[PDB]
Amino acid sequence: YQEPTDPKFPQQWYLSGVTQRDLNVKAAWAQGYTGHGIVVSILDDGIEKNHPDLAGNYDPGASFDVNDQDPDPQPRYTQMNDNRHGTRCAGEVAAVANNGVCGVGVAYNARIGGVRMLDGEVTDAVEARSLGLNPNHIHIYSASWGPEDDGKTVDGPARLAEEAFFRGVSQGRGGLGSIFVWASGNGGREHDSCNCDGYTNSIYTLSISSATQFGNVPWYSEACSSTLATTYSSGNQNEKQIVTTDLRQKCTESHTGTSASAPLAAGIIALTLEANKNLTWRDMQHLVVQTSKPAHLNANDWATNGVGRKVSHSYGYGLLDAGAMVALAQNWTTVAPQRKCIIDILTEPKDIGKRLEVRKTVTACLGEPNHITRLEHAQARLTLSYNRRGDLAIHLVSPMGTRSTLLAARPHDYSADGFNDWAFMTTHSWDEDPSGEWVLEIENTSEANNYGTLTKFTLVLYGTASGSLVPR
């Protein structure tokens, strides 16, 4: 195997490293996997389809302009180069290799398109038409953005966009399901908590956070229990950043944020799908859970879950490992059909006050076709009133003792609107048996005499009843 000769490939430290602080992509390339036959689309501000490092892999069938309602996603050029981000992301996935230009994509033989959908008013219809673009041609969608990362917003897909997610995972990709890769957010300095973003908090999105070059949680990171895994991105000014294609046929060394991590993940997922094109959308999440690596990622919240995997709210299961992903994909046995066990928990509304604990022992639909002995995602769907939302912290403890933070305190969130059946999601109990006692904790983290009421708690378990591995 001959590694790429591109002039900036040595600067792509998160691929070309020899120090073990990389995504282990060369190992996948050397196994023969470069993304041939896979189609990725970047949902963003457009794609410079004539970029010298993108044209050779550009796919019009992976592209559309939902902002202007035409097929051509070319960015709008401005003095401030506002609409460059999709071009940066596209190159992370699929910049052409061995052509003397900039660097390479993770999946440098994949086909790459973009949906121009952020350069204009983003409505539910715009979102739905983007998520649902050509779902039997596009394999993988990469989205780096969501609701405002101001640390006070709670929002998620409205009806058309949620329908696009369910149509995508159900009928997309020949019934195997569209793979939606999402950035968990850039709201770290606003103390944002990313389960309040319904796109990354979705079970249908494969959500990705960031680590800095030296293995730390970047300033912009959001912690939450819905995150699955991590890729490298930017950090402080002594740490390197992401090197990729830029608007106006240029090359940047300063692409940054969690919004730069999701495209690298999308590229690794492209290599993995080349290794086994029959993987379902859930298979892909299982592969990420099993192969991702905590080592050398620094956080104070690493915890071992009930099947012996280390998990963090900053990093999920750790750093994506492309060589391991493609290796495990090749002989992967398709997971069983997804079961869903719905447990309405409360017999009466519960005053929150300073602190509320709700304990319930469940059988996880014992005796029914939705009996789950092997969890995937779990949700606590909560309806509650409170006078100052951001003073709340919420935790969910599984029968195996795994504490998931569903909501951390958000100091900027002054809302008095509470949560209206908000489906807080955790990945941290993946592969655990969910039978037994679950505990929901709601706490007022402030000294203020805050008040409100929990009126509904639905525990929603997804998963299967077969196929478990021996704990790690």
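A residue's number is simply how far along the shown sequence it sits, counting from 1.
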{"item": "Average Cα temperature factor in the PDB entry - higher stretch of 187 to 195, 74 to 82", "value": "74 to 82"}
{"item": "Segment of higher mean CA temperature factor, 327 to 335 or 126 to 134", "value": "327 to 335"}
{"item": "Selection by C-alpha B-factor (highest) of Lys250, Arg282, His255, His395", "value": "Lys250"}
{"item": "Of the residues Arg381, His377, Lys340, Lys350, the one carrying the largest Cα B-factor as recorded", "value": "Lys350"}
{"item": "Chain-relative CA temperature factor third for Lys240", "value": "middle"}
{"item": "Assigned third (lowest, middle, highest) for the C-alpha B factor of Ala260", "value": "lowest"}
{"item": "Third assignment of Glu222 from its chain's C-alpha B-factors", "value": "lowest"}
{"item": "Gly61, C-alpha B-factor rank within chain (lowest, middle or highest third)", "value": "highest"}
{"item": "Modelled-residue ranking by C-alpha temperature factor, third containing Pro434", "value": "lowest"}
